[PDB]
Structure formats: structure tokens, C-alpha cells
Amino acid sequence: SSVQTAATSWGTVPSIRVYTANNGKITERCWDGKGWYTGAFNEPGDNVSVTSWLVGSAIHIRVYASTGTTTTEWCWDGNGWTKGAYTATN
Amino acid sequence: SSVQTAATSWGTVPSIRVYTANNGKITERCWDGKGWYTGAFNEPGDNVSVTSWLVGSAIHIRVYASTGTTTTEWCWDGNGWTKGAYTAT
Amino acid sequence: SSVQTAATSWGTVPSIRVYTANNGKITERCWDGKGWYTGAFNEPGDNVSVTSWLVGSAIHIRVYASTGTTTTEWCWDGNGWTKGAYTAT
């Protein structure tokens, strides 16, 4: 049944990121105070969650994308999306 | 199989808001330090996410409600819930 | 069908907590700056959401676990997980 979303925000503007899982694909929409635009994030998943934090003015984002029982962490640390170290078991 | 929830919080008390999508309706439960009560938010949706931020002591909340492939942003900026500018494309 | 997750983080390290609902169980994976490990949280549910806040350096976490139409709040306030006062009505 419906698409699945996850949202985060930071700062005072604020910036907002909304991730949508739709038919096995996760995409990203972004707001930085003027309007919505399509973000760089595009990875497989049926389910998505997100968290973010600032270090000074630098945003760090973690997106957890799940398909079946496999969850992949995707990391934004200022210079592109990369796969993170997250695993669900030892 | 189950309801679906989304939660946010702010401040030091804190205030908490929990949104639940149940049979196509999203409702809101609120905690401001004393007990839980039903919030003003009531809109259609099968899925919900939320984020919030403070500007000084003023809370701003964004709720993303989805039905099928359609996502609607709902905004709280201190004087009622209003539909936001979010579009998926 | 896929597992369903919820995530929160705090501080500057940061600490991260990822909750996964899988086959009626919600479990927790934790990062405190060195590596991922399995957390203490293990409770029933088909759906999970989370929020957290700091009071100074002390973290407070609220996990909302749902099975059918029943949502249970679980609370971390520094000395184990306890059932919270949340009710839906």
C-alpha cells in the first residue's frame, strides 16, 4: 500500500530532507529555504529512516535503507553519499 | 497488520508529539510535561513522518502524510495546521 | 515484506541508535563512536518510531512500539528501559 517517508531537518532556516521509498527505490527531496528540489540520494529500499546532526555548520546525515531483512546505512558527510559501517548483527 | 507511528520532541521538558496512521487516518497525541492529550492534527494518511525545529521558543512542525503515491506536507508554525509547499516532483 | 527501522542520534560524536522491527520483535543497534553493538532494547512490535533529547549530557529516549492498534511507549532515562505513560486515547 502507500509510499513510505522519513524526514529530517537542521539549523534555523531550516534545511529539510524528505526520503521516499516507492516501489523499491528511495529518492530525496530537499528544502534549503527557497523551494523544493530533487536531491542526489537514490538507492534501493522498501523502507527508510533517517537521522542527522550538525558539527558546527557541517551537516552529517545517515539514511537506513531496508529491503527484506537487509538494512544498508548511507552516509552524507559533505562530499557525496557513501555506504556506512552499520550492520544488523555481529 | 499494525498502525504506523512517527515521533518528535523539543525543548527540555520535553514536549513530545506522536503521530499515528490507523486505517487511513493520522491523529496526534501530545505530551507537554503533565500528561498525554489529543492534538489538533487530524488528516488522511496511511504513512506518516515528522520533523520539527525551534526558532527561539517557537516550535515549527512538518508532518508528511502519504496515501498511495501522494505525499502531503502539513505545517504547524504557531497558528494552526496548513498545507505546505512540498511536492514529490 | 521488509524490516522497518527508526533512528535517532545525539551529541557531536555522535551516538546513534537504530531500532528494527522484524517478525514481531524490535531490536536495537548502537554506535558510540567506535563501532556498532547490540543494545539492551528488545520488545515486541511490528512498527517502531523513536525520539530522544539531552538534558545536559544525559540522554532520554522514547521508543513507540506498535502491534495491531496498540502502541506501547518505552523509556530510557539512564537506568534501564521502562514502560511509559503514553496511551492512544
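Residues numbered from 1 in each chain as written, not as in the entry; some residues may be left out. Chains lettered and ligands numbered in written order. Heavy atoms only, no water.

Determination of this PDB entry was carried out by X-ray crystallography to a resolution of 1.2800 Å, according to the record.

Asker: Explanation requested: the sheet that holds strand 2 (residues 15-22) of chain B in the structure shown.
Answerer: Hydrogen bonds along the backbone pair up the strands of a sheet, which may run parallel or antiparallel. Residues and elements named next belong to chain B. Taken in spatial order, the four strands of this open sheet run 1-2-3-4, and their pairing is antiparallel. The sheet terminates laterally at strand 1 (4-10) and strand 4 (36-44), the two strands that pair on one side only. Averaged over all neighbouring strand pairs, the angle between strand axes comes to 20°, with direction disregarded. Relative to strand 4, strand 3 (residues 25-31) is paired through six bridges, and the arrangement is antiparallel. (Pairing = 2+ DSSP bridges. Helix = DSSP H or I, 4+ residues; strand = E, 2+ residues; numbered from the N terminus. Axes fitted to C-alpha atoms, helices over the stretch in contact; angles between N-to-C directions.)

Asker: Help me understand the packing of aromatic side chains in this model?
Answerer: Two numbers describe a pair of aromatic rings. These are the distance of the centres and the angle of the planes. Applying the stated criterion across every chain, the model contains 26 aromatic pairs over all chains. Centre to centre, the rings of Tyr64 of chain C and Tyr86 of chain C are 5.5 Å apart; their planes meet at 70°, and the pair counts as edge-to-face. In this pair, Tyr64 of chain C is assigned in strand 6 (residues 58-67) and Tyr86 of chain C in the segment after strand 8 (81-83), connecting sequence segments 22 residues apart. Like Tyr64 of chain C, the residue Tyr86 of chain C is buried in the burial classification. Chaining the aromatic ring pairs together yields one cluster made of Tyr19, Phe41, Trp74, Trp76 and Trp81 of chain A. (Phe/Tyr/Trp six-rings, centres within 6.5 Å; stacked < 30°, edge-to-face > 60°. Buried < 20%, exposed > 50% of the residue type's maximum accessible area, 1.4 Å probe, protein only.)

Asker: Sorry, what's going on with the interface of chain A and chain B here?
Answerer: Contact with chain A, which involves 18 residues of that partner, is made by 21 residues of chain B. Both sides together, the interface formed by chain A and chain B hides about 1400 Å², and carbon and sulfur atoms give 53% of it. Only strand 1 (4-10) and strand 2 (15-22) of chain A provide two or more residues apiece to the side of chain A that touches chain B. Examining the composition of the side of chain A that touches chain B, we find that six residues originate from one element, strand 1 of chain A, more than from any other. Along the lines of polarity and charge, the residues of the side of chain A that touches chain B split into seven nonpolar, ten polar and one charged. (Contact = heavy atoms within 4.5 Å. Buried area = accessible area lost by both parts, 1.4 Å probe. Nonpolar A, V, L, I, M, F, W, Y, C, P; charged D, E, K, R; others polar.)

Asker: Would you mind going over the state of the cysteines with me for this structure?
Answerer: Simply put, disulfide is the name for a covalent bond between the sulfur atoms of two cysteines. The tally for this structure, following the rule as stated, stands at zero disulfides over all chains. Free of any disulfide, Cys75 of chain A has its nearest neighbouring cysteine sulfur in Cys30 of chain C, separated by 17 Å. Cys30 of chain B takes part in no disulfide bond, and the closest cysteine sulfur to it belongs to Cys75 of chain C, at a distance of 17 Å. A relative accessible area of 2% means that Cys30 of chain B is categorised as buried. (Disulfide = S-S within 2.5 Å.)

Asker: Even after reading the chapter, I still don't get the side chain of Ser9 of chain A, so can you show me in this structure?
Answerer: Within the secondary structure layout, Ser9 of chain A lies in strand 1. Judged by relative accessible area, which is 14%, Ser9 of chain A ranks as buried. A distance of 2.7 Å separates polar atoms of two side chains, one belonging to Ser9 of chain A and the other to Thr51 of chain B. Beyond its immediate sequence surroundings of up to four residues, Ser9 of chain A is in contact with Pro14, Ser15, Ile16 and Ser52 of chain A together with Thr51, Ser52 and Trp53 of chain B. (Polar contact = N/O pair within 3.5 Å; in protein donor to acceptor, adjacent residues only side chain to side chain.)

Asker: Please explain the interface of chain C and chain B as it appears in this structure.
Answerer: By convention, interface size is frequently given as the accessible area that disappears when the constituent parts associate. Tallying the contact residues gives 21 residues for chain C and 18 residues for chain B. Contact with chain B buries area across many residues of chain C, yet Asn47, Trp53 and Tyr86 of chain C alone supply 32% of it, more than any other trio. For the pair chain C and chain B, the interface holds zero salt bridges. Between the two partners, chain C and chain B, sit seven residue pairs in polar contact. (Salt bridge = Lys/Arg side-chain N within 4 Å of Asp/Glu carboxyl O.)

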